[PDB]
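# Structural features, examined
Listed below are the residues making up each chain.
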4 protein chains.
Amino acid sequence: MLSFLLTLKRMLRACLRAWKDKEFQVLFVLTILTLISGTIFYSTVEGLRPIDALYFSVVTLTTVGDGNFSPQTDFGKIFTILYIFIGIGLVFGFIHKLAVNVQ
Amino acid sequence: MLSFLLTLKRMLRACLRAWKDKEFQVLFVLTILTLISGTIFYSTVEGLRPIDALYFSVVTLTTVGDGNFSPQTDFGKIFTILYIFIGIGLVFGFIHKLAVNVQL
Amino acid sequence: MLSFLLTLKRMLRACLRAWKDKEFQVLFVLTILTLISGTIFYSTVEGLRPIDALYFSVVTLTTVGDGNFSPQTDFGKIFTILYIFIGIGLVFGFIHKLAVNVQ
Amino acid sequence: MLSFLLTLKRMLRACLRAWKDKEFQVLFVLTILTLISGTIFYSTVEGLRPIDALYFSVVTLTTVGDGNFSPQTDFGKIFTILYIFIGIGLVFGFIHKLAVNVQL
Ligand SMILES: [Ca+2]
Ligand code: NA
Ligand code: NA
Ligand code: NA
Ligand code: NA
């Protein structure tokens, strides 16, 4: 259906118009930076391969969770605690953003 | 008790009434496609029985998560990372939608 | 601080004013009903004690997840799939509700 | 690049500016209290080392979840059920707040 494509394209255009908003770019860079930091930390402190440090960082920051790995060191546990709250602060940031864009 | 039933039906209607919004429909289709790709990827790449691939696909895309399975290959891990962001993208889409539908 | 208590009490009052809203009561009954159904299903089909069937139902419907139990039967997996989407439909229901209450 | 920094600071300000809302403060305090009770309960009832009880408390209240630990006692299971709903109650509170702060 042509209607379907046109509607999708419009939506895709509206989505791309967000990656041009400064506040969104910030939130975006911040989560990327957060993901990098997590990758480094877990790779360093918990001794995970970079790929598994990124996976755990992603899965943790998004609340998906990992069914097998749990931080083994106390420093890792403390970091994960703060990491999770950064993630929540980030999502509220995006939520609030989407909220204001409805005004 | 009657009020409950009447409210339920009124709300239920509004829900099905939302299944009429073209943008909602696309979000929905996108989710199904996402779920199918996921099922295909995990069955193929991770060798999970089809039903187990849809399950992992569903619990992962919804952030529920699976307490026993985690992708075993680097290809799976990378795919899952992106898969998850697709899901978050889809949820914000629905939320943005619900937000717009509240304001007009 | 008296200010703190008064603010909390006001918030608590506003929260209780929700349990009087018909649409909220519905959403509330529905999730309770959903939790009951899950408890029954998992207790029956997956052979979990009622307490563990409720736990898994709660943890699943809220996206928290269980780090040890995963449905063992195909019927359980299919049910959990639909169960999760009911849960998401429920949360959007509450979200939409809170959204309209901001108007 | 300068715009980025200027936007970051403007946003950062608004965040700290929100740490001034009495209702936000209460939500925050409630969360900490919730996290402390949780830490106490799981250390006491489930016998988890304190730091492990705060961790489980945090990942559970945020729906992230723990892939290795699950409460072993019926008392823990029941408490966790309620703990989770408290967390959902708190999140809707914050969301309701963010919603009101957007409209005025
Ligand atoms: Ca596990
Ligand atoms: Na969530
Ligand atoms: Na999990
Ligand atoms: Na989870
Ligand atoms: Na989650």
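This deposited entry lists X-ray crystallography as its structure determination method and 2.40 Å as its resolution.

What follows concerns the overall build of chain A. Counting secondary structure elements, chain A contains 4 helices and 0 strands. Counting from the amino terminus, chain A carries its helices and strands in the arrangement α-α-α-α. The C-alpha atoms of chain A give 17 Å as radius of gyration, which overshoots the globular expectation for 103 residues (13 Å, by more than 25%). Dimensions along the principal axes, computed over C-alpha positions, put chain A at roughly 55 × 30 × 20 Å. By sequence separation, contacts in chain A at least 24 residues apart represent 54% of the contacts at least 6 residues apart.

Another aspect to go through is the nonpolar core. Most often, soluble globular proteins keep nonpolar side chains buried together rather than apart. If you look at the biggest cluster of nonpolar residues, it comprises 69 residues, and the most contacted ones within it are A:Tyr42, B:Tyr42, B:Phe56, C:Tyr42, D:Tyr42 and D:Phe56. With near-sequence residues (within four places) excluded, D:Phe56 lies in contact with C:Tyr55, D:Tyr42, D:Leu48, D:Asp66, D:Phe69, D:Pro71 and D:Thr80.

Ligation of the sodium ion (ligand 4) by protein atoms is provided by A:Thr63 (O), A:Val64 (O), B:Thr63 (O), B:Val64 (O), C:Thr63 (O), C:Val64 (O), D:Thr63 (O) and D:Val64 (O), these donors lying 2.7 to 2.8 Å from the ion. Between the two metals, the sodium ion (ligand 4) and the sodium ion (ligand 3), the spacing is 4.4 Å. Of this pair, A:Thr63 sits in the loop between α3 (50-61) and α4 (74-100) while C:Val64 sits in the loop between α3 (50-61) and α4 (74-100), placing the two residues on different chains. For A:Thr63, a relative accessible area of 12% translates into the label buried.

With that settled, consider a nonpolar patch on the surface. Residues and elements named next belong to chain D. On the surface, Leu12, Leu16, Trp19, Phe28, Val29, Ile32, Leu33, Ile36 and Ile40 cluster together to form a nonpolar patch covering roughly 780 Å² of accessible area. Counting residues per element, the ones that place at least two in the nonpolar patch are α1 (2-18) and α2 (22-44). In terms of residue count, the dominant contributor to the nonpolar patch is α2 (6 residues). The topology assignment puts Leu33 in helix α2.

To continue, consider the interface of chain A and chain B. One frequent convention defines the size of an interface as the accessible area lost when the parts assemble. With 25 residues of chain A in contact, the opposing surface of chain B contributes 31 residues. Carbon and sulfur atoms supply 72% of the area buried between chain A and chain B, which totals about 2300 Å² over both sides. Looking at the side of chain A facing chain B, the largest losses of area belong to A:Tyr55, A:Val64 and A:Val102, adding up to 25% of the total buried there. Our enumeration of links across chain A and chain B arrives at 3 salt bridges. Of all the elements in the fold, those that place two or more residues in the side of chain A that touches chain B are α1 (2-16), α3 and α4 of chain A. It is α3(A) that provides the largest number of residues to the side of chain A that touches chain B, a total of 6 residues. The residue makeup of the side of chain A that touches chain B, split by class, is 15 nonpolar, 6 polar and 4 charged.

The subject of this paragraph is the pattern of salt bridges. Residues and elements named next belong to chain A. By the definition in use, this model includes 20 salt bridges over all chains. A salt bridge links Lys97 to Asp21, with the shortest nitrogen-to-oxygen separation between them at 3.5 Å. Of the two residues, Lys97 is situated in helix α4 and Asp21 in the loop between α1 and α2 (22-44); the sequence distance between them amounts to 76 residues. Residue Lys97 is classed as buried on the basis of its relative accessible area of 11%.

Let's shift gears to the packing of aromatic side chains. This structure, assessed with the given rule, holds 46 aromatic pairs over all chains. Relative to C:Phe79, the ring of C:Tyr42 lies with its centre 5.4 Å away and its plane at 90°, an arrangement referred to as edge-to-face. Highlighted residues: C:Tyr42 in helix α2 (residues 22-44) and C:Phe79 in helix α4, separated in sequence by 37 residues. The buried category is assigned to C:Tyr42, whose relative accessible area is 0%. Here the aromatic rings of C:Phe56 and C:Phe69 are separated by 4.9 Å at their centres, their planes lie at 85°, and the arrangement is edge-to-face. Separated by 13 residues along the polypeptide, C:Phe56 in helix α3 and C:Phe69 in the loop between α3 and α4 bring together distant segments of the chain. By the ring-pair criterion, three or more aromatic residues cluster together here, those being A:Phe41, A:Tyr42, A:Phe56, A:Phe69, A:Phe75, A:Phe79 and A:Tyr83.

Listed as protein donors to the sodium ion (ligand 5) are A:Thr63 (O), A:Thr63 (OG1), B:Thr63 (O), B:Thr63 (OG1), C:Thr63 (O), C:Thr63 (OG1), D:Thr63 (O) and D:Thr63 (OG1); their distances from the metal cover 2.6 to 3.1 Å. A separation of 4.1 Å is found between the sodium ion (ligand 5) and the sodium ion (ligand 2). One end of the pair, B:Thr63, is in the loop between α3 (50-61) and α4 (74-103); the other, D:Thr63, is in the loop between α3 (50-61) and α4 (74-103), on a second chain. Each member of the pair, B:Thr63 as well as D:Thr63, is classed as buried.

The next thing to look at is the environment of D:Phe41. All names here are of chain D. With respect to the element layout, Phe41 can be found in helix α2. According to the relative accessible area criterion, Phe41 is buried, its value standing at 9%. Once the C-alpha coordinates of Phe41 and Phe92 are considered, the two residues, 51 residues apart in sequence, prove to be 24 Å apart. Residues within four places of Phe41 in sequence aside, it is in contact with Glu46, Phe75, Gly76 and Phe79.

The subject of this paragraph is unusual backbone geometry. In this structure, B:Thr63 is a non-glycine residue whose phi angle is positive, near 70°. Judged by relative accessible area, B:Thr63 falls into the buried class, the value being 15%.

Attention now goes to α2(D). Look at α2(D): 33 Å from first C-alpha to last across 23 residues, which is about the 33 Å you get at 1.5 Å a residue. Of the positions making up α2(D), those classed as buried are D:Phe24, D:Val26, D:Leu27, D:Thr31, D:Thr34, D:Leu35, D:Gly38, D:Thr39, D:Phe41 and D:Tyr42. Residues of α2(D) that are buried sit in contact with α4 of chain A, α1 (2-16) of chain C together with α1, α3 and α4 of chain D. The opening residue of α2(D) is D:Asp21, an N-cap whose side-chain oxygen sits 2.6 Å from the backbone nitrogen of D:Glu23.

Criteria and cut-off values
Residues numbered from 1 in each chain as written, not as in the entry; some residues may be left out. Chains lettered and ligands numbered in written order. Heavy atoms only, no water. Residues with missing side-chain atoms left out of burial classes, pairs and counts. Helix = DSSP H or I, 4+ residues; strand = E, 2+ residues; numbered from the N terminus. Rg over C-alpha atoms; globule rule 2.2 N^0.38 Å. Contact = heavy atoms within 4.5 Å. Core = buried A, V, L, I, M, F, W, Y, C linked by side-chain atoms within 4.5 Å. Buried < 20%, exposed > 50% of the residue type's maximum accessible area, 1.4 Å probe, protein only. Donors = N, O, S within 2.8 Å, 3.2 Å for Na, K, Ca; no water. Patch = residues over 30% accessible without salt bridge, like charges linked within 9 Å, V, L, I, M, F, W, Y side chains within 5 Å. Areas by Shrake-Rupley, 256 points an atom, 1.4 Å probe, with all protein chains shown as cover. Salt bridge = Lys/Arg side-chain N within 4 Å of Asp/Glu carboxyl O. Buried area = accessible area lost by both parts, 1.4 Å probe. Nonpolar A, V, L, I, M, F, W, Y, C, P; charged D, E, K, R; others polar. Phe/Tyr/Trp six-rings, centres within 6.5 Å; stacked < 30°, edge-to-face > 60°. Expected span 1.5 Å × (residues − 1). Polar contact = N/O pair within 3.5 Å; in protein donor to acceptor, adjacent residues only side chain to side chain.

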